[PDB]
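Reading through the structure tokens given below for one structure.
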Amino acid sequence: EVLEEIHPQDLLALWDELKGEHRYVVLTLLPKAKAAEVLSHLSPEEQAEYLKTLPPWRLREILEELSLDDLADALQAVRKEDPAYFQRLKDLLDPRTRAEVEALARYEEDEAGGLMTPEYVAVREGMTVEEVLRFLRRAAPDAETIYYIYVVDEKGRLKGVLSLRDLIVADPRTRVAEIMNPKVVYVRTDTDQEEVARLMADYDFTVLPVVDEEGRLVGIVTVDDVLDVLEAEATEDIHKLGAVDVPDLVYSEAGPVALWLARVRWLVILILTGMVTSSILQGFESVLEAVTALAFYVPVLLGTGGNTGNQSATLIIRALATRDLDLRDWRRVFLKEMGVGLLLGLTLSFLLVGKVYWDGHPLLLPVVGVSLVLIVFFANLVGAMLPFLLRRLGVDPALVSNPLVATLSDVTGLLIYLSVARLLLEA
Amino acid sequence: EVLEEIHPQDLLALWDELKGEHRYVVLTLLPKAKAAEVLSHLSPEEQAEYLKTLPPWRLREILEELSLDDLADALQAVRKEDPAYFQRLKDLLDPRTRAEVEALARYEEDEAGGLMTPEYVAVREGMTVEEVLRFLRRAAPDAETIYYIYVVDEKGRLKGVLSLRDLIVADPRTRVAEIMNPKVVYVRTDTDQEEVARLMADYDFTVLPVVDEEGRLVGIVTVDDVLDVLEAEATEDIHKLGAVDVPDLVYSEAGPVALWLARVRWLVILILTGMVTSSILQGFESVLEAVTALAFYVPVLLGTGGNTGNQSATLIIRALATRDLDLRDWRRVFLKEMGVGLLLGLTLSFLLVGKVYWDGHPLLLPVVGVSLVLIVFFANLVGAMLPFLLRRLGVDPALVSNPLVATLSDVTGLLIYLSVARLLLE
Ligand SMILES: Nc1ncnc2c1ncn2[C@@H]1O[C@H](COP(=O)(O)OP(=O)(O)OP(=O)(O)O)[C@@H](O)[C@H]1O
Ligand SMILES: Nc1ncnc2c1ncn2[C@@H]1O[C@H](COP(=O)(O)OP(=O)(O)OP(=O)(O)O)[C@@H](O)[C@H]1O
Ligand SMILES: [Mg+2]
Ligand SMILES: [Mg+2]
Ligand SMILES: [Mg+2]
Ligand SMILES: [Mg+2]
Ligand SMILES: [Mg+2]
Ligand SMILES: [Mg+2]
Ligand SMILES: [Mg+2]
Ligand SMILES: [Mg+2]
Ligand SMILES: [Mg+2]
Ligand SMILES: [Mg+2]
Ligand SMILES: [Mg+2]
Ligand SMILES: [Mg+2]
Ligand SMILES: [Mg+2]
Numbered sequence: 023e024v025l026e027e028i029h030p031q032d033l034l035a036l037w038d039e040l041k042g043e044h045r046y047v048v049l050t051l052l053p054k055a056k057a058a059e060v061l062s063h064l065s066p067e068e069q070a071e072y073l074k075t076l077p078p079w080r081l082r083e084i085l086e087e088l089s090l091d092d093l094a095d096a097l098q099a100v101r102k103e104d105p106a107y108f109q110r111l112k113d114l115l116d117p118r119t120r121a122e123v124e125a126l127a128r129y130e131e132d133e134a135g136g137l138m139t140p141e142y143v144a145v146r147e148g149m150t151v152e153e154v155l156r157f158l159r160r161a162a163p164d165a166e167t168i169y170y171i172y173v174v175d176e177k178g179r180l181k182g183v184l185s186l187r188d189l190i191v192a193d194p195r196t197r198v199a200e201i202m203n204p205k206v207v208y209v210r211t212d213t214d215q216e217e218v219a220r221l222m223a224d225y226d227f228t229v230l231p232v233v234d235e236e237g238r239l240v241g242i243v244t245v246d247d248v249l250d251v252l253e254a255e256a257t258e259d260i261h262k263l264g265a266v267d268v269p270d271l272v273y274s275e276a277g278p279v280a281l282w283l284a285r286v287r288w289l290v291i292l293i294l295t296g297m298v299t300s301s302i303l304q305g306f307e308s309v310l311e312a313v314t315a316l317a318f319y320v321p322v323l324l325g326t327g328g329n330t331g332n333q334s335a336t337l338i339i340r341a342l343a344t345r346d347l348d349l350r351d352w353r354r355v356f357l358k359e360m361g362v363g364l365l366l367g368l369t370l371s372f373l374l375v376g377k378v379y380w381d382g383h384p385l386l387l388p389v390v391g392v393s394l395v396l397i398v399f400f401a402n403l404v405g406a407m408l409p410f411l412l413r414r415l416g417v418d419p420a421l422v423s424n425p426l427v428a429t430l431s432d433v434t435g436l437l438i439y440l441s442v443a444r445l446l447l448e449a
Numbered sequence: 023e024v025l026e027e028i029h030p031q032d033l034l035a036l037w038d039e040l041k042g043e044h045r046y047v048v049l050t051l052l053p054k055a056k057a058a059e060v061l062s063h064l065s066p067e068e069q070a071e072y073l074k075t076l077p078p079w080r081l082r083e084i085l086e087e088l089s090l091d092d093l094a095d096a097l098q099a100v101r102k103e104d105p106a107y108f109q110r111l112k113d114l115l116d117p118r119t120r121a122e123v124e125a126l127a128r129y130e131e132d133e134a135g136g137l138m139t140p141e142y143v144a145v146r147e148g149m150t151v152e153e154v155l156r157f158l159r160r161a162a163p164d165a166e167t168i169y170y171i172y173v174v175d176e177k178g179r180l181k182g183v184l185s186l187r188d189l190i191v192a193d194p195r196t197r198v199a200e201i202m203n204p205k206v207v208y209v210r211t212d213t214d215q216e217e218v219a220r221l222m223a224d225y226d227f228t229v230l231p232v233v234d235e236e237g238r239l240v241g242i243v244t245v246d247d248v249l250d251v252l253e254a255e256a257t258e259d260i261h262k263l264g265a266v267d268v269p270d271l272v273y274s275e276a277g278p279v280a281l282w283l284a285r286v287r288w289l290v291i292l293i294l295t296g297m298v299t300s301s302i303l304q305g306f307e308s309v310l311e312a313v314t315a316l317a318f319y320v321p322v323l324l325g326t327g328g329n330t331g332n333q334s335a336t337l338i339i340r341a342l343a344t345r346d347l348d349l350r351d352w353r354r355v356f357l358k359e360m361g362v363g364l365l366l367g368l369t370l371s372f373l374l375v376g377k378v379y380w381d382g383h384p385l386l387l388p389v390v391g392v393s394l395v396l397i398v399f400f401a402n403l404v405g406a407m408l409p410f411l412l413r414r415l416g417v418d419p420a421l422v423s424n425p426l427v428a429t430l431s432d433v434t435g436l437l438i439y440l441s442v443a444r445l446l447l448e
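Read top to bottom, the protein sequences are chains U and R. All you need for the UniProt record's numbering is the position in the first sequence, starting with 1, plus 22. All you need for the UniProt record's numbering is the position in the second sequence, starting with 1, plus 22.
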């Protein structure tokens, strides 16, 4: 009845809200393909778990009816988790498929190769519209998408590319080279995952032709895998911008121990440079014993400075991820931001001073006030550069976390504030 | 002519590296397709700028050879900026085109109606595969995509969906409604772009069918525009993480004044949160004049709380926007982080007391160390649980920014520490 009706992703939606037993049952009963796609959009931890739990006949069925990219991904999860049983689970494949999948597992999960699938539709440059169409009816079962057609030489590498729409409008006796496009856009096996995401999103494509170290066409990447690549990447960016450092972390499926590792690393690294502020506070105990109101304005200056630093840092980190800004821009950016910080200072200060005056200390009112303008102005700029610096260093700018800049602006904040206190105390 | 072999992407790459005059003359001298695609992938502001500056004739060609969701958008930008040259410009638009543009501009640009095209191919079920391929070859020059054909009824409603592959592999004599799909997942007009993005990212689709209340087909949504939507929606989410609050900010073309605005609002909110920290010290001046090592150790605790809260806040906000956590999960989380917030404290404390002892103030380590465990733990929990609440109010929980969590950790941290100092000094 409904077994033929339902669409896997209804089962994918209800998956987060269903008991283990019945789940298992739903993997076993479905038509082969629908179970296969339901397993396809699952977590590698879960994937491994089920490829362990399920019967070897259904194992055969799923493994057989799973696109090669997604297969190799699954098998890879089982290699990392349980190596021996990965090999044993690999003993249930057929020769040609086992072989293609082995040649795919060798690619890197972050590179085109590990995004790519070898079931492209490839033709030689000397057929005709009609020939390619005949081939397309007879070759459409074993293909990921018959929508774009790649034209190759005698040896493997890209020559031309070809829209299905193009053939369908083309005069069936016309040869393909007369209607193909030789300026083919493509990635490499080693190309980083986000470079594919970028290229694909730039050119407004939906299949990108991975080539090998020699140029020979060896796979393709589809935009559908790229979207969850994108989401992966944006999520990594957000995560370490929050100074947590684990690339693939699912919050719902992780124990307090792992969270503790991931957070405690950078929490620690930052807490040390949090101690330097204590020892810096130690050596300025003469201007601090003398006037106490000084201490009554340390948090507000520090925290507001860190805030501003966050703002700039993030506002640039995106603009570098979004590829909106290049390294060579740094100089030009500097000035552009600088003025802003000035205006952010004055304004903020106008508030803080109106409170310093209201706190009842109209004496150090300009110590606080001027300090706040100086702190805003500098923290801001610190925020702007740190990414640029890391770029010329060859490091991920998203490592410039909001908390790192918070602690740094705490240090600079205190130095500015206390030296300004000292200098104005000499008056 | 050799200046006409180049791909518009290439030229868009060198756009940031070209002077205004130069920009204008390249955009004014290209092939219609090229010109209009180039202009199609720019920001609204120089979009509208060049729609204004360009010559009435070239703006007429560009306007024409432009796609219709894109024409809609560009017109909409000139519409935001300058209301008159909007209709003056679209007075160059032909009625068949213009009418469509009219019908598109009415929908809200962050909704599905706002990023849809009407150049889609729809065929009635009473065809045969033969007749539909006939229709495809004959209707292909004006379509956005002929890979998904949409079967409808006499009054216009949606009835089902065909892939061109299903046609191509089907025996041409076959009736259409035989190989079609009546279980066609669609998207409504008022729908949020973000939801659209979610759908198309789930189903591994590339087109989506837009509908009215009645269920009639009004247009389709492409994956490319949904993919720029995804990038936007994201980049907005993370700006919101840095207390910057403008929907689509582009830093490289925003002036010092605009950056100023954007930031000034929340930066101001947060400084008016700090004044409280000032007064909170001020009313504890009595307990604070006794010990100075006390004040020597404040930026460390406060900043640490701010950080822990920053981490938790981030994790949970991300897991919210990713739909990996539901509003009802919060209770679980309150426990989950709890222990963690404890574990992080102790460890960070074992090191902190390490200096409190070493820095020359063995006087009383607990007033600091304990205060660290409490502040780390508490800030952690707060940052962890502010997005939940902000989400249960029908507010974007990406508003729980890292400077906000920091500044709240400044306040709470301070109350924690100076109360612990009041008790352990007495
Ligand atoms: N990897 C690639 N490198 C270069 N060109 C490509 C690549 N992939 C696809 N193309 C090109 O993109 C187009 C894809 O055709 P498709 O019909 O999907 O485009 P369209 O926008 O629907 O219609 P039209 O091609 O008429 O604009 C083809 O013209 C083809 O030349
Ligand atoms: N909006 C939609 N709602 C429901 N189903 C759809 C929708 N759009 C497309 N489909 C279904 O998805 C399939 C898309 O066909 P297409 O050839 O593009 O897929 P493919 O992955 O290339 O190959 P295959 O269809 O053989 O898996 C079609 O069979 C179509 O019926
Ligand atoms: Mg990476
Ligand atoms: Mg892979
Ligand atoms: Mg694009
Ligand atoms: Mg386009
Ligand atoms: Mg795939
Ligand atoms: Mg990144
Ligand atoms: Mg701070
Ligand atoms: Mg479009
Ligand atoms: Mg929105
Ligand atoms: Mg729009
Ligand atoms: Mg998907
Ligand atoms: Mg798929
Ligand atoms: Mg959002």
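A virtual CB, placed ideally from N, CA and C, is assigned to each residue, including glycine.
On the premise that residue j lies in contact with residue i, defined as a C-beta separation below 8 Å, what is that separation, rounded to the nearest angstrom?
| i | j | result |
| --- | --- | --- |
| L49(U) | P78(U) | No, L49(U) and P78(U) are not in contact; Cβ-Cβ is about 14 Å, not under 8 Å. |
| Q215(U) | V251(U) | 5 Å |
| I168(R) | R187(U) | 6 Å |
| residue 15(U) | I293(R) | Because chain U is modelled from 23 through 449, residue 15(U) falls outside the range shown and cannot be assessed. |
Thinking C-alpha only, which one of the options is nearest residue i?
| i | options | result |
| --- | --- | --- |
| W288(R) | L303(R), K262(R), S300(R), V272(R) | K262(R) |
| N402(U) | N203(U), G325(U), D38(U), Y273(U) | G325(U) |
| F372(U) | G391(U), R354(U), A58(U) | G391(U) |
| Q333(U) | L271(R), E68(R), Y379(R) | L271(R) |
| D432(R) | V322(R), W37(R), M202(R), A315(R) | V322(R) |
| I291(U) | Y273(R), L370(R), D224(R) | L370(R) |
| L230(R) | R195(R), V378(R), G182(R) | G182(R) |
| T429(R) | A406(U), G328(U), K377(U), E359(U) | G328(U) |
| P105(U) | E133(U), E83(U), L88(U), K74(U) | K74(U) |
Provide the residue span of the alpha helix (DSSP H) that contains residue i, from first to last.
| i | result |
| --- | --- |
| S334(R) | 320 to 343 |
| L357(U) | 352 to 381 |
| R156(U) | 151 to 161 |
| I168(R) | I168(R) -> not in any alpha helix (DSSP H); beta strand (DSSP E) instead, spanning 167 to 174. |
| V389(R) | 388 to 413 |
What are the start and end residues of the beta strand (DSSP E) that includes residue i?
| i | result |
| --- | --- |
| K181(U) | 180 to 185 |
| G241(R) | 239 to 244 |
| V232(R) | 229 to 233 |
Are the Cβ atoms of residue i and residue j separated by less than 7 Å?
| i | j | result |
| --- | --- | --- |
| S393(R) | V442(R) | yes |
| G361(R) | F399(R) | no |
| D175(U) | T211(U) | no |
| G136(R) | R179(R) | no |
| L446(R) | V389(R) | yes |
| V427(U) | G331(U) | yes |
| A144(U) | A99(U) | no |
| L40(R) | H63(R) | no |
| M202(R) | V173(R) | yes |
| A125(U) | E87(U) | no |
| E153(U) | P140(U) | no |
How many angstroms separate the CA atom of residue i from the CA atom of residue j?
| i | j | result |
| --- | --- | --- |
| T213(U) | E131(U) | 11 Å |
| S65(R) | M297(U) | 45 Å |
| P163(R) | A161(U) | 27 Å |
| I397(R) | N424(U) | 19 Å |
| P419(R) | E200(R) | 47 Å |
| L440(R) | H383(R) | 18 Å |
| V206(U) | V245(U) | 17 Å |
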